[PDB]
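**Q**
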Amino acid sequence: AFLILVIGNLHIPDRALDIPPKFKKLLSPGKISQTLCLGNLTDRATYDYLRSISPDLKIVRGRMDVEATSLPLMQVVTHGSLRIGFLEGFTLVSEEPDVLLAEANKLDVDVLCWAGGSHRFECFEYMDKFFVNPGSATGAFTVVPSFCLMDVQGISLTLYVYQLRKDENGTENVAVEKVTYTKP
Amino acid sequence: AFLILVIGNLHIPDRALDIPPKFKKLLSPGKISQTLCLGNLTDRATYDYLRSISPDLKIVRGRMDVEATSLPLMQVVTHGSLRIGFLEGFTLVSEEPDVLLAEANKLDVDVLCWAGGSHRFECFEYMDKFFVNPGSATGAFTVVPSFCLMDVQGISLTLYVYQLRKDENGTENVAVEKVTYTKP
Amino acid sequence: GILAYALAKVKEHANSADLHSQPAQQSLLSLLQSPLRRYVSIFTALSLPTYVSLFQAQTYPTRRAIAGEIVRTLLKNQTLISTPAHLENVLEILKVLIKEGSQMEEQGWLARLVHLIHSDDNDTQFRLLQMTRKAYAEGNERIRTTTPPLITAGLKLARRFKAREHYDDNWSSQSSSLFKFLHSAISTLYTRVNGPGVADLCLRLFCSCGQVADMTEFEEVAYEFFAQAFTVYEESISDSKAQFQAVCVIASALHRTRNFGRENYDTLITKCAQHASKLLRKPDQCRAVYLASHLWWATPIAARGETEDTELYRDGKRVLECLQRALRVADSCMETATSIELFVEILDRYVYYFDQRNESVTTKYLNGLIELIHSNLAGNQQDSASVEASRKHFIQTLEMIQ
Amino acid sequence: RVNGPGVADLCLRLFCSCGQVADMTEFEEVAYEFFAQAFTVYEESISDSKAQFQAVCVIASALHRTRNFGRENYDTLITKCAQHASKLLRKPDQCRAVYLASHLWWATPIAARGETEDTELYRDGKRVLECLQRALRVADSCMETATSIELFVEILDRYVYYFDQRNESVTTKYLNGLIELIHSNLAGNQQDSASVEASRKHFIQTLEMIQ
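Residue numbers (the deposited numbering), protein chains in the order written: chain S, 2 to 143, 153 to 194; chain T, 2 to 143, 153 to 194; chain Q, 435 to 537, 559 to 857; chain R, 647 to 857.
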């Protein structure tokens, strides 16, 4: 149903270069419902493109994203009544677990997507929460670009994380793992 | 002959308030030849007035003078071939003798008028040079306002320092002392 | 044989039907396309250079349109691969590029190049690198975005490079030069007074490189640069948001860097914090101030100095003082609501230090805080969504904190 | 009251007046914040070379009859003023000051003290020399010579000050290196200049002057 794309690490056409062809294939307009974007675009053309994906670019700047095309720093979104959070992660100064958990409260958010400094692309449940770097998602870096199509059901999110692995499959290889989530 | 007014400490109508009536009497236009001004005016009206004194406001800003009406920081003037220097003194960070002497060289100046921090109004010959705070000269402060009418003869200056002392003479009391000067 | 041999001949003869886009041009173009279109091996054609010289007599609009087209196609995917020559070619063309009408996918161009690079020697790049920087002198107007892919290209290479040295050990040289090169270029750049966002960008570049300098060794050169980086933070950043992002980088950038000691630091720390304490944006400000605790912190690697030479930033005093100052932000609140959300937050933080073996730290304040949150939380109330929320938060927390 | 050009300058001078008055009068407690604020003004919101020129002379100076903070406040602050100073980009002014920053620790005088500590001069060489070395770095990064020498001389004049200041730590080897260096450039290279005449007058003055 809901096709909420969750995506990390980019900097186009910078850390993430092209749009991987499968991404190029994948991402046609309006179709995707919501883009939850974890900043550092860097580019505007690409910004126009984020728009071009879906009917929503849901936006929150990064610390390797300057100025603002019009960027709104943090934004909380509700689907169901999961407050599904994103920021590029900038607000941090400490990647430590309790911090992640805390952070979720400060913003009134309960699922956290962030981008790391060694440009993390790692998510794990720790304290019932997922602290999520969907990180690399387009070819960015500190190889698995990943982003998720998500179906958020209430406070709970079920994520099928689609992972793109360069492999001797001679393709951008999609491996999907589903992880299911409940917000407290 | 030359009526070069040398004047220190002001800030009008600030530290120095009014123009002392004798100053008011004293200073009519064009008549005075050159004004060597040691900054912190503060005022422009008064700037127009400095102009109004003589045919020359010879100007060099102070550190209790902001922006610039048009102010030229330091200026060296020659009369005879005394390079007669003034600045408000701002360039300093150390009132120490050898510093004064040095300073004279750096700017290519050989007579130094400056304004102090405890708003000095003191001049003495030390190392053949006069390091000069004609300081208070209009009612300013850290009571003797003083300024000089000077006749510069070459490298040498003879100063008749006119000193204004409030006294039970019931006047702004003029005491003149002449000090004679040679630049090396 | 056409190209010079009719066509150049012609071209000197006729500047008498002449170009920009007229049908002669068109023809010239089409013709020009003709290889290309047929091609799979356009390269000998750039050795045809009647052609080349002939680019001059094209308009810039058309130079891009074909040449660009070529780039673009080659960007759709490149045909054939390298030799030295092609670097040249690249350049000939680059010369068409940097100027050749004016100071538009030059990004996309940037990208190919940026790609194309990794397989060969130090030098190629260098030649190029060099050329290109010089080539960057031609702008003043699209640029902000345009220098960085190169920055990255080098950076990546630079790590890839860091990832190879035992024959090269002249990384130092390369670097040195390069950083210098870069630096020099960089100093150039800011100074190319030109831009909004300059500060932000430059900085991010400082960061990238600077940090790279952290991981790679060369700290020597760092403080000046860094001192400069901060300056940018002070002068020439100017928006709350811009700042918001940027200081997160300063802090963070500092956070995976660790080079300076304490020495550099006492001066610097007091200052960042001061700037921080000279920011005037409250939500953000307290959270950070208490977060400044983490600067000395055992967690982690950031909390160290190699001027000293290795390990955590042991000792309580500043850490608490930071919390006390964060608390001062709290103190100077007056507006309560946010104060509590924060207090709680601080409390969450308190739980962190409970977990951090914050030894020096004594319960009396923790007690004073839990009590204080409660006192406000309960002790006063009015119409708010927030009152509902506060309970949800309270609930969450209590389960969470153990 | 966002309003104004000159705001920074003025406010500052007011900070100074009052702040200093606060120095002479006792109440230092409240000072650093204010001062920290004062500096901010110096960093953001001043913006002209001249404006700055006057203003930092005040910062330095204002600091110079104030003395309240210690070293504590200072290490952070000193590195910074100097840094701003080192982040100014106006050369004549910049070196002279940098070597002048020596006076911050200096036995001359009252300014060179801290009451966070509670009384007397800012004893110890290291920074003082480093300042001269950095001033020297400005010299180093000169490349444009002429002004470099006028300055070198000037530094030399300064050297004479420290000769007089019992700059104990300081050892002749640099003084020697400087007098020699001034001479080397002074003599060793020449071209059409008024300045070449002047340099002699200066040289003359100096030699008599220095004893």
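Heads up, the beta-carbon is just placed ideally off N, CA and C, and yes, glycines get one too.
Give the straight-line distance between the Cα atoms of S/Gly9 and Q/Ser691, rounded to the nearest whole angstrom.
**A** One C-alpha to the other measures close to 29 Å.
**Q** Keeping to the same chain, check which residues put their C-beta closer than 6 Å to that of Q/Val505; ignore five residues upstream and five downstream.
**A** Once the five neighbours on either side are set aside, the close Cβ partners of Q/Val505 are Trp564.
**Q** Count the other CB atoms within 10 Å of the CB of R/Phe680; is the residue buried (16 or more) or exposed (fewer)?
**A** Result: exposed.
**Q** Note the first and the last residue of the continuous alpha helix (DSSP H) segment covering Q/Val687.
**A** 677-690 is the span of the alpha helix (DSSP H), which, as asked, contains Q/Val687.
**Q** Which bits of chain Q does residue 146 of chain S rub up against, with CB to CB less than 8 Å?
**A** Missing here is residue 146 of chain S: after 143, the next number in chain S is 153.
**Q** Suppose only complete runs of 4+ residues qualify. What are the alpha helix (DSSP H) ranges in the segment 763-789 of chain Q, listed by chain order?
**A** Fully enclosed alpha helix (DSSP H) runs of 4 or longer: 772-786.
**Q** Classify Q/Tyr808: buried if its beta carbon has 16 or more other beta carbons within 10 angstroms, exposed otherwise.
**A** By the 10 Å Cβ count, Q/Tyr808 comes out buried.
**Q** Starting from T/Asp49, trace the alpha helix (DSSP H) both ways and give me its first and last residue.
**A** From DSSP, the alpha helix (DSSP H) with T/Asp49 extends over 45-54.
**Q** Going by beta carbon distance, what residues of the same chain come within less than 8 Å of Q/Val486, once the five residues before and after it are set aside?
**A** Here the set comprises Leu480, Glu526.
**Q** As a quick exercise: from Q/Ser464, Q/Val774, Q/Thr643, pick the residue whose alpha carbon is nearest that of Q/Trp751.
**A** Closest by alpha carbon: Q/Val774.
**Q** When you compare only the Cα positions, how much space is there between Q/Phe616 and Q/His570?
**A** Roughly 15 Å between the two C-alpha positions.
**Q** Quick check on DSSP: helix, strand or coil for T/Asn183?
**A** If DSSP states are grouped into helix, strand and coil, T/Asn183 belongs with the strands.
**Q** Should T/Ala103 and R/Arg780 be called a contact, given that it needs their Cβ atoms to be closer than 8 Å?
**A** The answer is no: Cβ separation not under 8 Å.
**Q** In whole angstroms, give me the CA-to-CA distance for S/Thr92 and R/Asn822.
**A** So the two alpha carbons sit approximately 55 Å from each other.
**Q** Just to confirm my understanding: we take S/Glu182, look at its own chain, exclude 5 residues before and 5 after, and list those with CB closer than 6 Å. What are they?
**A** Cβ within range, chain order: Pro21, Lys23, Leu174.
**Q** Whether or not the segment 706-716 of chain R and the segment 755-762 of chain R are in contact is what I'm after, with contact meaning three or more pairs of Cβ atoms, one per stretch, closer than 8 Å; do they touch?
**A** As far as the Cβ criterion goes, the segment 755-762 of chain R touches the segment 706-716 of chain R, which means the pair count is three or higher.
**Q** Got a sec, what are the start and stop residues for the alpha helix (DSSP H) T/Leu88 sits in?
**A** Segment: none, T/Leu88 is in no alpha helix (DSSP H) and carries neither H nor E.
**Q** Taking 6 Å as the limit between beta carbons, can you name the residues of its chain near T/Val189, skipping five residues before and five after?
**A** The answer, listed in chain order, is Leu169.
**Q** So, with DSSP's three-state summary, where would you put S/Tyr170?
**A** It is a strand residue.
**Q** Distance check for R/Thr852 and T/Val100, CA to CA, integer angstroms please.
**A** Whole-angstrom Cα-Cα distance: 13 Å.
**Q** Express the C-alpha separation of S/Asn41 and Q/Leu656 in angstroms, rounding to a whole number.
**A** Distance between the alpha carbons of Q/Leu656 and S/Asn41: 11 Å.
**Q** Give a yes or no on whether 8 Å exceeds the smallest Cβ distance from S/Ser95 to chain Q.
**A** Taking Cβ atoms only, chain Q reaches closer than 8 Å to S/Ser95, which makes this a yes.
**Q** Taking only the alpha-carbon atoms, compute the straight-line gap between Q/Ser461 and Q/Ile515 and give it to the nearest angstrom.
**A** So the alpha carbons of these two residues sit roughly 29 Å apart.
**Q** So Q/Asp721 contacts chain R; which residues on that side make the cut at Cβ distance below 7 Å?
**A** Those are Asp721, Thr722, listed as they occur along chain R.
**Q** Counting only beta-carbon separations shorter than 8 Å, does Q/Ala844 have a partner in chain S?
**A** Yes, Q/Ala844 lies at the interface with chain S (some Cβ there is under 8 Å from its Cβ).
**Q** Can you list the residues of chain R that Q/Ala682 reaches, using a CB-CB cut of under 8 Å?
**A** Simply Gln729, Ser732, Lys733.
**Q** Going by alpha carbons, who is nearest to S/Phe122 out of S/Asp109, S/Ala105, S/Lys130, S/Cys158?
**A** When each option's Cα is compared against that of S/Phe122, the closest is S/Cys158.
**Q** Rounded to whole angstroms, what is the Cα-Cα separation between R/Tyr678 and R/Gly665?
**A** Their Cα atoms are separated by approximately 10 Å.
**Q** The segment 657-689 of chain Q: which residues have C-beta closer than 9 Å to a C-beta of chain R, in chain order?
**A** Residues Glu679, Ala682, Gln683, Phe685, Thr686, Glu689.
**Q** Would R/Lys726 count as contacting chain Q if we go by Cβ distances under 8 Å?
**A** It does: the Cβ of R/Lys726 has a partner Cβ on chain Q nearer than 8 Å.
**Q** Could you check whether the Cβ of T/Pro14 sits closer than 8 Å to any Cβ belonging to chain R?
**A** No, T/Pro14 lies away from the interface with chain R (no Cβ there is under 8 Å from its Cβ).
**Q** Along the segment 702-720 of chain R, what residues have a CB closer than 7 Å to any CB found in chain T?
**A** Here the close residues are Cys703, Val704, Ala706, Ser707, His710, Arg711.
**Q** With the cut-off set at 8 Å, would you say Q/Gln562 and Q/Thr507 are in Cβ contact?
**A** It is not a contact, given that the beta carbons lie outside the stated cut-off.
**Q** At 4 residues or longer, and completely inside the segment 721-757 of chain R: list those alpha helix (DSSP H) runs for me, N to C.
**A** Complete alpha helix (DSSP H) runs here, min 4: 737-746.
**Q** In whole angstroms, what separates the C-alpha of Q/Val648 from that of Q/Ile606?
**A** If I take the Cα positions, the gap works out to 20 Å.
**Q** Would you call the segment 122-141 of chain S and the segment 776-792 of chain Q touching, i.e. three or more CB-CB distances under 8 Å?
**A** Not touching, per the Cβ criterion.
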